[PDB]
Amino acid sequence: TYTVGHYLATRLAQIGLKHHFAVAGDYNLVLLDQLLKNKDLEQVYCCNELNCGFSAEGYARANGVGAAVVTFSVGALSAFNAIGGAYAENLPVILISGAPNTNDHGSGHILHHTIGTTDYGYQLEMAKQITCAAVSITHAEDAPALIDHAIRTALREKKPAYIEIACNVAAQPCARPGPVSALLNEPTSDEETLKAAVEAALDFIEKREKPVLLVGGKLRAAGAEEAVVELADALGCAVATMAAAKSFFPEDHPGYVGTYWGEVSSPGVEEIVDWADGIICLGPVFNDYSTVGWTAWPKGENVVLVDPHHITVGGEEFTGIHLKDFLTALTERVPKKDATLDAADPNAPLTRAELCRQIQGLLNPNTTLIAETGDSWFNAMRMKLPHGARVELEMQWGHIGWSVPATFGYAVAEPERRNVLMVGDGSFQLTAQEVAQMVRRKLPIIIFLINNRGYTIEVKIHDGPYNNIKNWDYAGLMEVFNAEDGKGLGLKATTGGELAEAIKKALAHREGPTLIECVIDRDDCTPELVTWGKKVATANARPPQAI
Ligand SMILES: Cc1ncc(C[n+]2csc(CCOP(=O)(O)OP(=O)(O)O)c2C)c(N)n1
Ligand SMILES: [Mg+2]
């Protein structure tokens, strides 16, 4: 006879999860036992919850959805930082927490892992704030209807959910899951709006000769990566990707120019959009960083904005549509308008140009490049990508240290890929211990620890003593985690040559991860980050305007 544990386990497996991540605790202990009972759904463990949640973050980038489990408040409050990151990056990460007993609710008791107050709702009062759905199971009869809700909403919205489950309830007997289809099927557009939406879009381009395509960050949540390719071709115009959305459009196809990111756009892409007649943004995320100090933000007269569920065209609005259904019906009536555009030395000290070049050697169609918040953002946005090659940024949320646990998670879902991690010295320190799990699971990850002895990106926004961080022997950390049983390489590289030696050892090494402490100079950095931090620093601290 099924139980709340089984029902949640199965519901996760049905929608996709081969792995759910967890951190033991006396509330979720009984619950965790029953999450094992499903054998198509494996219980991965983690060092702390802040990371555990970020690992489910990554996993959802590869699978499409992820999940985690934690103890009451003490575990979940840290995870909320990842659930914020999920909502930010449109990831259907499903958090789950253990919770007090049923007989303690409103019972005047104080419990452990809580504030000391007699109330325990404060947790999912918080969670609600950062999650599309928030659900407390306190009776096993409720269970299956609410779990379905939490999952169903998360997937429709492409935003995270929350499920707290009283420890003693987790065990109790529950119903059997209904067919999975109950959760997945979605409301589609309305034909009448859809019809008109396309018609007004056609006029936007057919009163012009030089259109452009701009690929937004939210494209992956809409599931429209395919339909953009069939539009870029059927239309033929010059495509460009945004700050995010790197590797959301393939860099083979003839229209792809590069990356548009304001006055720090990769060579030759700022000009095409400025010059052109109108811009077709497909689910963008313009903000103080994406617009680069509010300088590079498309208007409305010469802009079509095709956000996930609501489409603005010059002088008109539409709602109740979908980005995908819009780009399917568009890629048929669209006419073909075009806007055509027209080594280093080894042995010597290692330059940011050298390893950004040499790292581009690794880029296999079976490769996913995880670029951490930092200057590493700008390196990835210069690198040419093969077809099928992926890049993962976390720009909306930007928690440093996200990369490490999210690389661990991404790798559990896609272990046969070549998983490559560009992480700075400072970011790495926040979440380093989750490398020990890459060793535990024996995953072939290639960590490029961009060591520069400081928060270099933060230096070029506004410098100070707060940016100088204690330095580690980042290379030697690997050994400490390998300890008795693991197998994982820990290397260094102070020269352009040493890098090639380390990279060969990395591709060579199996049975675990490979870190490379690529030392470089702080002020040696991309020319974008230089001119970029200025726009952010002044916009950040622009003065109020008196009334
Ligand atoms: C948890 C968290 N704390 C602080 C910040 C602000 N912040 C953004 S980047 C950054 C510095 C990153 O340092 P590092 O990885 O070394 O960047 P690099 O020097 O490689 O460019 C800081 C402190 C943040 N985004 N997240
Ligand atoms: Mg650094």
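So the sequence shown is residues 2 to 343, 359 to 563, counted in the deposited numbering. We put the CB at the ideal spot given by N, CA and C, even for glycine.
Straight-line CA distance for residue i to residue j?
{"i": "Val535", "j": "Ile138", "result": "50 angstroms"}
{"i": "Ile16", "j": "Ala223", "result": "17 angstroms"}
{"i": "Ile462", "j": "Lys520", "result": "11 angstroms"}
{"i": "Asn487", "j": "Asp105", "result": "48 angstroms"}
{"i": "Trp262", "j": "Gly122", "result": "43 angstroms"}
{"i": "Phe497", "j": "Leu531", "result": "12 angstroms"}
{"i": "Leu545", "j": "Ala128", "result": "34 angstroms"}
{"i": "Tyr88", "j": "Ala162", "result": "9 angstroms"}
{"i": "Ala25", "j": "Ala167", "result": "15 angstroms"}
{"i": "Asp275", "j": "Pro543", "result": "21 angstroms"}
{"i": "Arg209", "j": "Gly65", "result": "38 angstroms"}
{"i": "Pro362", "j": "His114", "result": "55 angstroms"}
{"i": "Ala77", "j": "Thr154", "result": "20 angstroms"}
{"i": "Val71", "j": "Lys159", "result": "22 angstroms"}
{"i": "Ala183", "j": "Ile563", "result": "54 angstroms"}
{"i": "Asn288", "j": "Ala518", "result": "38 angstroms"}
{"i": "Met411", "j": "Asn186", "result": "30 angstroms"}
{"i": "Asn435", "j": "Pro460", "result": "7 angstroms"}
{"i": "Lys219", "j": "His150", "result": "23 angstroms"}
{"i": "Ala80", "j": "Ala14", "result": "22 angstroms"}
{"i": "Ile164", "j": "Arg538", "result": "44 angstroms"}
{"i": "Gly67", "j": "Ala364", "result": "44 angstroms"}
{"i": "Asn484", "j": "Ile473", "result": "12 angstroms"}
{"i": "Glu370", "j": "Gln445", "result": "24 angstroms"}
{"i": "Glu514", "j": "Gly269", "result": "33 angstroms"}
{"i": "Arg433", "j": "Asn382", "result": "5 angstroms"}
{"i": "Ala427", "j": "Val455", "result": "12 angstroms"}
{"i": "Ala176", "j": "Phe464", "result": "48 angstroms"}
{"i": "residue 347", "j": "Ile477", "result": "This structure gives no coordinates for residue 347. The numbering of the chain moves from 343 immediately to 359."}
{"i": "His310", "j": "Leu328", "result": "12 angstroms"}
{"i": "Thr296", "j": "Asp191", "result": "36 angstroms"}
{"i": "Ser419", "j": "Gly390", "result": "11 angstroms"}
{"i": "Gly470", "j": "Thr510", "result": "17 angstroms"}
Using 8 angstroms for Cβ pairs, my map puts residue i next to residue j. What's the rounded Cβ distance?
{"i": "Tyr28", "j": "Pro174", "result": "Not really, about 20 angstroms apart at Cβ, beyond 8 angstroms."}
{"i": "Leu437", "j": "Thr423", "result": "5 angstroms"}
{"i": "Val216", "j": "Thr189", "result": "Not quite, the Cβ-Cβ distance comes to about 23 angstroms (not below 8 angstroms), so this is no contact."}
{"i": "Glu388", "j": "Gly440", "result": "6 angstroms"}
{"i": "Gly425", "j": "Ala134", "result": "At roughly 21 angstroms, the Cβ-Cβ gap does not stay under 8 angstroms, so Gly425 and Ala134 are not in contact."}
{"i": "residue 353", "j": "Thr367", "result": "Note on the chain: consecutive modelled numbers read 343 then 359, so residue 353 has no coordinates in the structure shown."}
{"i": "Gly417", "j": "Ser392", "result": "Between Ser392 and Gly417 the Cβ distance is about 12 angstroms, and since that is not below 8 angstroms, they are no contact."}
{"i": "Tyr8", "j": "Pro145", "result": "5 angstroms"}
{"i": "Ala23", "j": "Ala69", "result": "7 angstroms"}
{"i": "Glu317", "j": "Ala201", "result": "5 angstroms"}
{"i": "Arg12", "j": "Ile152", "result": "6 angstroms"}
For residue i, which residues of its own chain have a beta-carbon under 8 angstroms away from its beta-carbon, when the five flanking residues on both sides are left out?
{"i": "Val335", "result": "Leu203, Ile206, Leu232, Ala235, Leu236"}
{"i": "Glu430", "result": "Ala63, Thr384"}
{"i": "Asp34", "result": "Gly6"}
{"i": "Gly109", "result": "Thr119"}
{"i": "residue 353", "result": "Absent here is residue 353, because the residues of the chain run from 343 on to 359 with nothing modelled in between."}
Going by beta carbon distance, what residues of the same chain come within less than 7 angstroms of residue i, once the five residues before and after it are set aside?
{"i": "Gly480", "result": "none"}
{"i": "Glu302", "result": "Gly315"}
{"i": "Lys325", "result": "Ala223, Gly224, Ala225, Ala228"}
{"i": "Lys503", "result": "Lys458, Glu527, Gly528"}
{"i": "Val293", "result": "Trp262, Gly263, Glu264, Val265, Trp548, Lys551"}
{"i": "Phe394", "result": "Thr542, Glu544, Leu545"}
{"i": "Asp540", "result": "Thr367, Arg368"}
{"i": "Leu147", "result": "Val136, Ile138"}
{"i": "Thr103", "result": "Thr139, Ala167, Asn169, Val170"}
Please work out which residues of its chain come closer than 6 angstroms, Cβ to Cβ, to residue i, disregarding the five sequence neighbours upstream and downstream, and give them in chain order.
{"i": "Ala239", "result": "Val213, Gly256, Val258, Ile273, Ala340"}
{"i": "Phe319", "result": "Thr194, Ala198, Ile312"}
{"i": "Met494", "result": "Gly504, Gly506, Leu531"}
{"i": "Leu306", "result": "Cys282, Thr313"}
{"i": "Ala10", "result": "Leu36, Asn39, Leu42"}
{"i": "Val304", "result": "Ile280"}
{"i": "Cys372", "result": "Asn395"}
{"i": "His323", "result": "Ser190"}
Check your understanding: Are the region 388-408 and the region 251-259 touching by the rule of at least three beta carbon pairs closer than 8 angstroms?
Key -> Contact holds: three or more Cβ-Cβ distances are below 8 angstroms.
Review point. If you scan the region 419-488 from start to end, which runs of the alpha helix (DSSP H) of 4 or more residues do you find wholly inside it?
Key: 419-429, 441-446, 451-457, 472-475
Check your understanding: Counting pairs of Cβ atoms below 8 angstroms between the region 109-127 and the region 32-47, do you hit three or more?
Key -> no
Check your understanding: Three or more C-beta pairs closer than 8 angstroms, one from the region 47-63 and one from the region 448-458: is that the case here?
Key -> yes
Exercise for review: May I have a chain-ordered list of the beta strand (DSSP E) segments no shorter than 3 residues that lie completely inside the region 116-147?
Suggested key: 134-138
Exercise for review: List in chain order: all unbroken beta strand (DSSP E) runs of 3+ residues lying wholly within the region 151-189.
Suggested key: 162-167
**Study point:** 4 or more residues per run - each alpha helix (DSSP H) lying fully within the region 186-269
**Key:** 192-207, 220-223, 226-236
Exercise for review: Please specify which runs of the alpha helix (DSSP H), each continuous and at least 4 residues long, are wholly inside the region 31-77, giving them in chain order.
Suggested key: You should have 50-64.
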